[PDB]
Amino acid sequence: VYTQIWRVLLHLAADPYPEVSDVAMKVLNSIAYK
Amino acid sequence: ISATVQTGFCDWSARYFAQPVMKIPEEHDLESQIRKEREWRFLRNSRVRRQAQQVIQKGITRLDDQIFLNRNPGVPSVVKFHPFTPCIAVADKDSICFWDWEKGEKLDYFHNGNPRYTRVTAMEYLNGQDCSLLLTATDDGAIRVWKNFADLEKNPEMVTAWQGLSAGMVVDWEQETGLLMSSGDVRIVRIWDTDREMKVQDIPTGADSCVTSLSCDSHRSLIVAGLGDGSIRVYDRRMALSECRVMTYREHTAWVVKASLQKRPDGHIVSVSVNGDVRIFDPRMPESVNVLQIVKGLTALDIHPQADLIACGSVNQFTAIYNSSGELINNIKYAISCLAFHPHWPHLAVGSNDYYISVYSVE
Amino acid sequence: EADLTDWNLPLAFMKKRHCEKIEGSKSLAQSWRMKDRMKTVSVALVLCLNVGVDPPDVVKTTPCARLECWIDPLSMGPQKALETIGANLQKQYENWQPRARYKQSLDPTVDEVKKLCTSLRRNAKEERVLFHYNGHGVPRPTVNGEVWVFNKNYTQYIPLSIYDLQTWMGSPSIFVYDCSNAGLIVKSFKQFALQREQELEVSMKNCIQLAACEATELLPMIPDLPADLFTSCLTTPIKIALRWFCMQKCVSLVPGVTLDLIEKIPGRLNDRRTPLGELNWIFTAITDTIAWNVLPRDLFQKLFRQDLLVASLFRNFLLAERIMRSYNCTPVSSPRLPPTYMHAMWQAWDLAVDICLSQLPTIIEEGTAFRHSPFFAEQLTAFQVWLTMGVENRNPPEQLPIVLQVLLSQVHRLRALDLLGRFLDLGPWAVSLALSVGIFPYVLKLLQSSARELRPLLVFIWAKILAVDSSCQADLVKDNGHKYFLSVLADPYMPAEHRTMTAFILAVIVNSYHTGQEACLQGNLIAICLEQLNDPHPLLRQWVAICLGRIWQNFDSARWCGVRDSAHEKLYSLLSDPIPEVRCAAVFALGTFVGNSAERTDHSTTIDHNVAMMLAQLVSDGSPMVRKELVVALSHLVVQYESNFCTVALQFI
């Protein structure tokens, strides 16, 4: 299940729309440092 | 815990109740300036349609006039003409140059935002009749729409953007239906509805090679799709997805440069592969009606629905603009990788390997 | 032509969500809330009547003015009359403030005044105390800031320093001077106030002062008017207002209206359906309207909104200013008011009086049923006419405080609530105005009504108000007004337009407020919401889902109730809704549901994984607006399983 949700976040991290990609990148970086 | 972000979505929704309700909206107001300016644009449209129709009735003369010659910084990949306002957007791999053909000036310069590997394959003009937009589908899948692209007091504005699919990418806008059909290397023809912002239909292509081109017919479901192996499938979206395919005729073996359909009720699929041989198909027939062979090594081609001019290109600087019957009109001597007619006026853009854009006119 | 094809074409990506930015409107600093509620705990009636004796300073005329508090002192004999006037004055004040400790002082000494004021100050040290002074029987106050009282034997006028008088009384107090050179007292009061302020280095704004006259002016000697002209105005406004009305030249326009008919006016001062109660109601509206239009907003809420009794005195003070002006008298107030005597609304008061007591010959003699005045009707008509061309931000409509007064009855309540809603429609600036005038506590009282006809109007009004000031969610839980709206959300016959506002109202009450979530949970909101979750209205589906998401925000008890009702399952249907507003709201609710697991039983974990995969099928979505909430939704999932997502993140490195 967690594998599936991380794969989703990869698409939102590489979003065409800038605001969504930015916020997704923050949330993805807030995982790394934990 | 500070990493917890909260969207303003629920708060933005609440603004709905701050605005007035009981009173008549601004659009319904018949005496509003927006409606008069919208009716004024539509008044200009009906004149431009009539004036262009009068040019068609006078026939098409030989086209050699050069209106202007400018130079771009990047390679012109795809060009489109706004139907009524003279705005000729000439995009590049990492930018979108907006030129003009009356003043003769660069109007704007975007950055698509896509990486270096990607490439802007297709382009459209959404809501061309009024308040036009600029769809910019990237080859990897990213589609995006730009507003205020050639305005004085306004800047670039990306309305929305979403990774489609997932040749490059192909699109066919359908103003009246409201749909949008992305396609490319995948074996699927999606149909993104823009009113519901959801993919309605995913038509299976049934073909190994990439969907190089894709054109449809207004008021009917006639999705034509050229392919890299050579075949040109046709799918009807009214029937079941398995049954969507109607005809599958194959009389080529090369990438289809431009499988273009005509806007007449007598639809004619003018497909030109890398081989350079034209084969005019029909939707109700299994084989071609006419056959022509023009150039051995074709690089880029353009056609016009209203006037049947097959604007060819050439490695040796030639620009053969013949009719569908095969008559000679012009052979303009200059990799001419982009030609583009107007939807109404007989203007033809041209673009060589060098980043130089021309716009011809029939006097 | 080829234009009808153009007009009939959908303009894609041209809607509120596209043109406008996705950002919340900044809430303004709502200062309408009252800072504090004062309570007039006790009242001091100092009466220097000196019944049967005439002050040496003023040589009274043979007729003079005998009536004092509507009592002839010489009729009853000296001692009884003095007691009677004190009793009546208490009753008169009890019309305005019935719950206060009254303590009369009748021709008091100096010690008597000291012990009286100090006792009432001891009772309410931090609360306002009223000091009423009637110096008609004592000589005029001196330039040196002194006021005259009697000696134990009633043989000598003893002077009393205003400084010492304001020593014994405390900080919260109000002073009423009814004497001839009363201005001198107000001047000397501010002097002793400044003198105390100078001593304070090495109680002015708190002290209110009313004065019948300017220091130069003298009191009127006219036999038609009562001697206690000022006090009567403050304490019996309607009584002198009708007697004064019958003295003006405008009586020619109404023949057959003498004072004797005014004496025998039927009704009471409470029953607004009677003729006398009509005038009191009209008078209260007109006076509160004049004040709101003329005074600055700060000083209006200070005097006319802080506490009732002060508001009543200043309301009646405006009438005193009008009447006394016609006798070369200028009343004086401590917070100086601009002159209102020539305001247009006074003419409306005349018409109201005219119509009200034109029926009195028929009511008294013929016994005709008193038809009510068209005044309040016509004022609502005026408010409606303003709204028609009220789009521009011009001067606000004068009649706003009248609409408030109309809400108190039922006869015109439907029409007023409608217009008030139409007014709120104009914009958010107007809702702010309506909160400053003080509409909130009256709209809240209507939530105790059961008349279902009121339900659609209150839903509308409350949506506009709660859109501006979301803090009122606290008040609605105290009064159990959330039940009133819960009923509306479970009424199929209620139109879906009003049901949408009702779902919004609930989504505001619940917003980030644990007390409201616990209260609505017990009111079974999640079950009610699911009953309307499949409505043919996309706005309702959106908000009902947001409301559902907010109620289970860091509140596991409402989550378990959702698990029993199986809401997460019923919400998956909205995940494929055409309208992207609903899709986005659906993603919001499912995220907040996951976010508050708080390490519950294994059941929660299996549900959270089921909710994940159901959300994980909203990736290929056109709107990034929806995709944005999809991230925020997955944020709630990561926070709950931070230990698990660290394992997955470290794997692919």
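Above this note sits the structure.
Residues numbered from 1 in each chain as written, not as in the entry; some residues may be left out. Chains lettered and ligands numbered in written order. Part of a larger assembly, values for the part shown. Heavy atoms only, no water.

(A) View of the overall build of chain B. Within chain B one finds two helices and 27 strands. Compactness check: chain B gives a C-alpha radius of gyration of 22 Å against a globular reference of 21 Å for 363 residues, within 12% of the reference. Counting only C-alpha atoms and orienting by the principal axes, one finds that chain B spans roughly 65 × 50 × 40 Å. Relative to its 363 residues, chain B shows a buried fraction of 53%. With 39 positive and 45 negative side-chain charges, chain B shows a separation of 1 Å between the mean positions of the two kinds. (Helix = DSSP H or I, 4+ residues; strand = E, 2+ residues; numbered from the N terminus. Rg over C-alpha atoms; globule rule 2.2 N^0.38 Å. Buried < 20%, exposed > 50% of the residue type's maximum accessible area, 1.4 Å probe, protein only. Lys, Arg positive; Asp, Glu negative; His and termini not counted. Charge placed at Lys NZ, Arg CZ, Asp CG, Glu CD.)

(B) Structural view of the interface of chain A and chain C. On the side of chain C, 21 residues touch chain A, which itself brings 20 residues to the contact. Both faces considered, chain A and chain C share a buried interface measuring about 2100 Å² in area, 82% of it formed by carbon and sulfur atoms. Summed over the three residues of chain A that lose the most area to chain C, namely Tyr2, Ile5 and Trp6 of chain A, the buried surface amounts to 29% of that side. Taken together, chain A and chain C are joined by three salt bridges. Notably, a salt bridge pairs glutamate 642 of chain C with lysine 34 of chain A, separated by 2.7 Å at the nearest N-O pair. In this structure, the connection of chain A to chain C is made through four residue pairs in polar contact. Those elements that place two or more of their residues in the side of chain A that touches chain C are α1 (2-13) and α2 (18-32) of chain A. (Contact = heavy atoms within 4.5 Å. Buried area = accessible area lost by both parts, 1.4 Å probe. Salt bridge = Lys/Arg side-chain N within 4 Å of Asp/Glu carboxyl O. Polar contact = N/O pair within 3.5 Å; in protein donor to acceptor, adjacent residues only side chain to side chain.)

(C) Spotlight on helix α21 (residues 455-468) of chain C. All names here are of chain C. Here α21 is 14 residues long and its end C-alpha atoms lie 21 Å apart, about the 20 Å a rise of 1.5 Å per residue gives. Counting buried residues in α21 gives ten out of 14 residues, a clear majority hidden from the surface. Listed in full, the buried residues belonging to α21 are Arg455, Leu458, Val459, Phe460, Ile461, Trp462, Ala463, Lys464, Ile465 and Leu466. Those residues of α21 that are buried are in contact with α18 (413-425), α19 (428-437), α20 (440-445), α22 (473-478), α23 (482-489) and α24 (496-509). (Expected span 1.5 Å × (residues − 1).)

(D) Structural view of the side chain of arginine 279 of chain B. Residues and elements named next belong to chain B. Mapped onto the fold, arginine 279 is located in strand β20 (residues 277-281). Of the polar contacts made by the side chain of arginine 279, one reaches the side chain of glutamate 251; its length is 2.6 Å. In this structure the side chain of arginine 279 is engaged in a polar contact, spanning 2.9 Å, whose partner is the side chain of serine 288. Apart from residues no more than four positions distant in its own chain, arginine 279 is found in contact with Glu251, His252, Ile269, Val270, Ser271, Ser288, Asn290 and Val291.

(E) Expanded view of the interface of chain B and chain C. Taken together, the 51 residues of chain B in the interface contact 58 residues of chain C. Taken as a group, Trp12, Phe17 and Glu197 of chain B account for 17% of the area that chain B buries against chain C, more than any other trio of residues on that side. On inspection of chain B and its partner chain C, the count reaches two salt bridges. Taking the shortest distance from any N to any O, the salt bridge between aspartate 6 of chain C and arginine 49 of chain B comes out at 2.8 Å. Counting across the chain B and chain C interface gives 19 residue pairs in polar contact. Going through the elements one at a time, α1 (9-14), α2 (33-57), β8 (142-147), β9 (157-163) and β15 (198-204) of chain B are the ones with two or more residues in the side of chain B that touches chain C.

(F) Structural detail: a positive patch on the surface. Residues and elements named next belong to chain C. Positive charge collects at one region of the surface, where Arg37, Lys39, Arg99, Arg101 and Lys103 lie side by side. Mapped onto the secondary structure, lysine 103 falls in strand β2 (residues 101-106). Judged by its relative accessible area of 34%, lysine 103 is partly exposed. (Patch = residues over 30% accessible without salt bridge, like charges linked within 9 Å, V, L, I, M, F, W, Y side chains within 5 Å. Areas by Shrake-Rupley, 256 points an atom, 1.4 Å probe, with all protein chains shown as cover.)

(G) Fine view of helix α25 (residues 514-522) of chain C. All names here are of chain C. Regarding α25, the residues found buried are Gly516, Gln517, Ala519 and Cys520. Buried residues of α25 fall within an arc of 165° about the axis and therefore sit on the same side. Structurally, α25 contributes buried residues whose contacts are with α22, α23, α26 (525-531) and α27 (538-551). Of the residues flanking the end of α25, it is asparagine 524, one or two places downstream, whose phi is positive at about 65°. (Arc of directions from axis to C-beta.)

(H) Highlighting unusual backbone geometry. At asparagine 127 of chain B, a position not held by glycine, the phi torsion is positive, near 55°. For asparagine 127 of chain B, the position within the fold is in the loop between β6 (120-126) and β7 (133-138). Here the phi dihedral of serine 566 of chain C falls at roughly 65°; this positive angle occurs in a residue that is not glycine. Relative to the helices and strands, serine 566 of chain C is located in the loop between α28 (556-565) and α29 (567-571). Look at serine 566 of chain C and you get partly exposed, because its relative accessible area is 24%.

(I) Focus on a negative patch on the surface. Together, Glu26, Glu27, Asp29 and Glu31 of chain B make up a negatively charged patch on the protein surface. Among the structural elements, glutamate 27 of chain B can be located in the loop between α1 and α2.

(J) Structural view of the environment of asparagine 153 of chain C. Within the secondary structure, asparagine 153 of chain C sits in the loop between β4 (146-150) and β5 (157-161). Residues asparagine 153 of chain C and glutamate 83 of chain C, 70 residues apart in the sequence, show an inter-C-alpha distance of 18 Å.

(K) Expanded view of the packing of helix α30 (residues 580-595) of chain C against helix α31 (residues 602-615) of chain C. Residue and element names in this part refer to chain C. Between α30 and α31, the shortest axis-to-axis distance is 10 Å and the interhelical angle comes to 155°. In terms of orientation, α30 and α31 fall into the roughly antiparallel class. Seen from above, α30 lies across α31 with left-handed handedness. Residues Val587, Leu590, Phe593 and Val594 of α30 form the contact with α31, whose participating residues are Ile607, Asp608, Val611 and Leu615. (Axes fitted to C-alpha atoms, helices over the stretch in contact; angles between N-to-C directions. Parallel < 35°, antiparallel > 145°, perpendicular 65-115°, else oblique. Left-handed = near helix turned anticlockwise from the far one by under 90°.)

(L) Quick peek at the pairing of β6 of chain B. All names here are of chain B. In terms of residue burial, β6 counts as a mostly covered element, since six of its seven residues are buried. With six bridges joining them, β6 and β7 adopt antiparallel strand pairing. Looking at the pairing, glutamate 124 lines up with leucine 135 of β7. (Pairing = 2+ DSSP bridges.)

(M) Spotlight on the packing of aromatic side chains. Counted according to the given criterion, the structure contains 33 aromatic pairs over all chains. On the basis of an interplanar angle of 65° and a centroid distance of 5.5 Å, the ring pair of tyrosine 2 of chain A and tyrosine 641 of chain C is categorised as edge-to-face. One end of the pair, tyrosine 2 of chain A, is in helix α1; the other, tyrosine 641 of chain C, is in the loop between α32 (624-640) and α33 (642-651), on a second chain. Using a relative accessible area of 8% as the deciding quantity, one classes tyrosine 641 of chain C as buried. With centroids separated by 5.4 Å and ring planes inclined at 85°, the aromatic side chains of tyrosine 16 of chain B and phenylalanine 17 of chain B adopt a geometry described as edge-to-face. By relative accessible area, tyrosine 16 of chain B is classed as partly exposed at 44%. (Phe/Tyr/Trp six-rings, centres within 6.5 Å; stacked < 30°, edge-to-face > 60°.)

(N) Highlighting the sheet that holds strand β3 (residues 88-91) of chain B. Residues and elements named next belong to chain B. Reading across from one edge, β2-β3-β4-β5 is the order of the four strands in this open sheet, with antiparallel pairing throughout. This sheet does not close on itself; its edge strands, each paired only once, are β2 (79-81) and β5 (106-110). Across the sheet, the mean angle separating the axes of adjacent strands is 15° when strand polarity is ignored. Note that β2 and β3 share three bridges and pair antiparallel. Bridge pairing in β3 places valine 79 opposite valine 90.

(O) Examining the pattern of salt bridges more closely. Evaluated as defined, the whole model comprises 29 salt bridges over all chains. Among the ionic pairs, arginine 322 of chain C bridges to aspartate 350 of chain C, the shortest N-O distance being 3.5 Å. Pair noted here: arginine 322 of chain C is in helix α13 (residues 308-325) and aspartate 350 of chain C is in helix α14 (residues 345-356), with a separation of 28 residues, a long-range link. A single network of salt bridges, built from pairs that share partners, joins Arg15 of chain B together with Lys16 and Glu20 of chain C.

(P) View of the environment of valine 53 of chain C. Residues and elements named next belong to chain C. Its place among the elements puts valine 53 in the loop between β1 (42-47) and α3 (73-76). The exposure class of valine 53 is partly exposed, given its relative accessible area of 39%. Along the backbone, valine 53 and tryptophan 96 are 43 residues apart, and their C-alpha atoms lie at a distance of 31 Å.

(Q) Inspection of a nonpolar patch on the surface at higher detail. Residue and element names in this part refer to chain B. There is a patch of nonpolar side chains on the surface, built from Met239, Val246 and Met247 and spanning about 230 Å² of accessible area. Within the element layout of this structure, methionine 247 appears in strand β18 (residues 245-249). Judged by relative accessible area, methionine 247 falls into the partly exposed class, the value being 30%.

(R) Quick peek at the sheet that holds strand β17 (residues 232-235) of chain B. Residue and element names in this part refer to chain B. If you walk across this open sheet you meet the three strands as β16-β17-β18, and the pairing is antiparallel. Edge strands, defined here as strands with exactly one partner in the open sheet, are β16 (223-226) and β18. Within this sheet the neighbouring strands show an average axis-to-axis angle of 15°, counted without direction. Pairing of β17 with β18 involves four bridges; the strand directions are antiparallel. Its bridge partner being in β18, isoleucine 232 is matched across the sheet by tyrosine 249.

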